[PDB]
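A single chain, nothing else alongside it, follows as structure tokens in the form deposited in one PDB entry.
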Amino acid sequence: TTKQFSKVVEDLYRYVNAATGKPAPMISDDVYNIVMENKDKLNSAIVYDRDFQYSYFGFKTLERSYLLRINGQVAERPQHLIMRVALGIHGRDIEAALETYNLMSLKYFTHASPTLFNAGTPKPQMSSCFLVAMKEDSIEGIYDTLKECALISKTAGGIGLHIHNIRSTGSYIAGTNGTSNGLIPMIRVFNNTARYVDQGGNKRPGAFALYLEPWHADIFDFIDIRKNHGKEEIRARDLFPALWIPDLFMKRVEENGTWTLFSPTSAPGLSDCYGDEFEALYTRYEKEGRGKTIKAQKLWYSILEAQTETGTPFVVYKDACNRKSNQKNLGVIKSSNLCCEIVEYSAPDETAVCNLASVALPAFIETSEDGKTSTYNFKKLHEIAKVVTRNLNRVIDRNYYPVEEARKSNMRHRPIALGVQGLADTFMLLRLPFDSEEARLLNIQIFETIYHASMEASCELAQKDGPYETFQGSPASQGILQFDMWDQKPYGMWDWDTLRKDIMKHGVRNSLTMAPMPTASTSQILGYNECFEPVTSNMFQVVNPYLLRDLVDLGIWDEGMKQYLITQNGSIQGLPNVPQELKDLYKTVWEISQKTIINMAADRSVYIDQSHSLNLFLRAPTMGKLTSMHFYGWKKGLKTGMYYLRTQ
């Protein structure tokens, strides 16, 4: 189709829905005027040959859901989409747009799907998720919340909703002899609304995540919300249950002690405090017989059966999240998000927003020596991270907010979330086993630099535009950075004294900056493995590109391989003519020590403002196994103990 960018913008901007005779522009007024006023500079900036930097499936993903279409026909070329995003982000700052265009077109990084969809369009909703607070334990608060969720659902983005404050089943209701129906019937109302506000196009069906602390009396039905064999009307098939767990629960379980189930109305404040204060308030309520005591392990057993069967509920630690958040001065954080990476404050008048982008880790690998060997360019990584940090900052300002609570939240705290992809690819290119000592060090270094860089750029922005509204009084304002809250010394590749000094001096423009996300779709566009996890399989059919090369360079790649791989689930262990060095490098996530996965996750966590979507893979899932993985992650101090639990 058409090549000239300014021309594609014209078509997209002048578009009319023929069947209705309604003008339906796919580009904002402001971005259109910016393209027209710089058509020469923008048109001759694009390198159309870079469109060949996408694999078959990569390109297909873009064509299928990303490239803007005109009457069902793809109107945009990948380069067109990238310049649109660049402009949608930087506006009149053309020099900034050109930089983002080249870096993105060269695959150094990319933005989240909502941004690739909507940046530069009339309703530019560029954020990935929203953390919504249940407004009030009332029919009015519940329906105001339902309305808010529906409006948010109109456009792109997932929702995280905490419901700790809702009255449990059988609870008393003043003004009637009836009693509360509890969480399930209310959850089912939300399930139904998620299915109705369907036509976002950009939107993914349900995509709702529910957060609940384990002491809520309706806890047992809540965790079984995704079973496909329940009592039928007690399930919520399109929503995801997530546990907001206090350390107290884990200790009682580990002690094989007791656990008490409370209706929030008969035991107020439990979600409005954490740590020691929560334990004192909980223990006290427990002694006064305000709830129903049970054996901690009884609840625990149901949790593992539910995860083993459905993969849910996710596990995120309430105390670790609150104790180690730079937003702790805002109040108590009552939830995470749909993908368990965002840890931001929310309230009835404030819905936290996810502003995402991921850095392409493999793009920093280079020979730079003599060849054969290859090194990692941390200096370049640092440089790009600062670029992305500025981008996500602009996004906060140019974003279209579906609801006022989301605007209020984002403008006040300006949280940001940089992530990664291609970690596995990186280790593979550098020929480093995922569970090796070298890979462990690289993991630490990469995250240390991205964190230093994001905070450095954020500090520069604070010098230019002032700190975010709630910066004063935050841990960062007192020189307490993320790793300090883990009581560790940074690795040291970068200078933290100077950065910390500058931060205390000038502050930072963003309250948070890190939150490695799943990148399920955006990683598919760049052709790398998802985020920070090992490859799930070494296998239209496509065998691991790196495994292929090596098997060819040994000639050993015949047909007794292509057939093996497909049969043994992309696994090459226990395979005859394959060097040990290759078996060690191309291990599958099912073949890697889940304990090593959790260590590296803990290592990089000291440099993560928020959290990260840690999926756990258990091949032979026994109860005791799954139990030690949870407690191992918990004692490791992780925030997100587990996102999805995948089995096989």
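Residue numbers here begin at 1 and follow the sequence given. We call the rigid core the largest set of C-alpha positions that still match within 1.5 Å between the two forms. Residues that one form lacks are left out of the comparison.
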Q | Residue gap status of residue 182, at least a third of other entries | A | no
Q: Would you please confirm whether residue 458 lacks atomic coordinates in a third or more of the other entries that were compared?
A: no
Q.
Are residue 539 and residue 540 truly consecutive in the deposited sequence, or are residues between them missing coordinates? Give the number as none, 1 to 3, 4 to 9, or 10 or more.
A. 4 to 9
Q) Comparing 93-101 with 219-227, where is the mean C-alpha B-factor higher? A) 93-101
Q. Looking at the deposited entry, does 288-296 or 556-564 carry the larger mean Cα B-factor?
A. 556-564
Q) Which of these has the highest Cα B-factor in the record: 110, 171, 191, 368? A) 368
Q: Could you check 388, 578, 83, 250 and tell me which one carries the biggest Cα B-factor in the deposited entry?
A: 578
Q) Would the CA B-factor of residue 633 place it in the lowest, middle or highest third of its chain? A) lowest
Q: Quick one: classify residue 72 as lowest, middle or highest third of the chain based on its Cα B-factor.
A: highest
Q. Considering only modelled residues of the same chain, in which third does the CA B-factor of residue 608 rank: lowest, middle or highest?
A. lowest
Q: Could you say whether, by C-alpha temperature factor, residue 639 belongs to the lowest, middle or highest third of its chain?
A: lowest
Q. Considering only modelled residues of the same chain, in which third does the CA B-factor of residue 148 rank: lowest, middle or highest?
A. lowest
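Omitted from view is the form deposited in another entry, to which the following refers.
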Q. Taking the rigid core as reference, which of 489, 549, 372, 505 is displaced at the C-alpha by at least 2 Å between this form and the one not shown?
A. 372
Q: Answer yes if the Cα of residue 289 shifts by 2 angstroms or more between this form and the one not shown on a rigid-core superposition, and no otherwise.
A: no
Q. For residue 202, is the C-alpha shift between this form and the one not shown 2 Å or more after core superposition?
A. yes
Q. Mind listing the moving segments between this form and the one not shown, meaning three or more residues in a row, each Cα shifted 2 angstroms or more, core aligned?
A. 199-206, 370-372
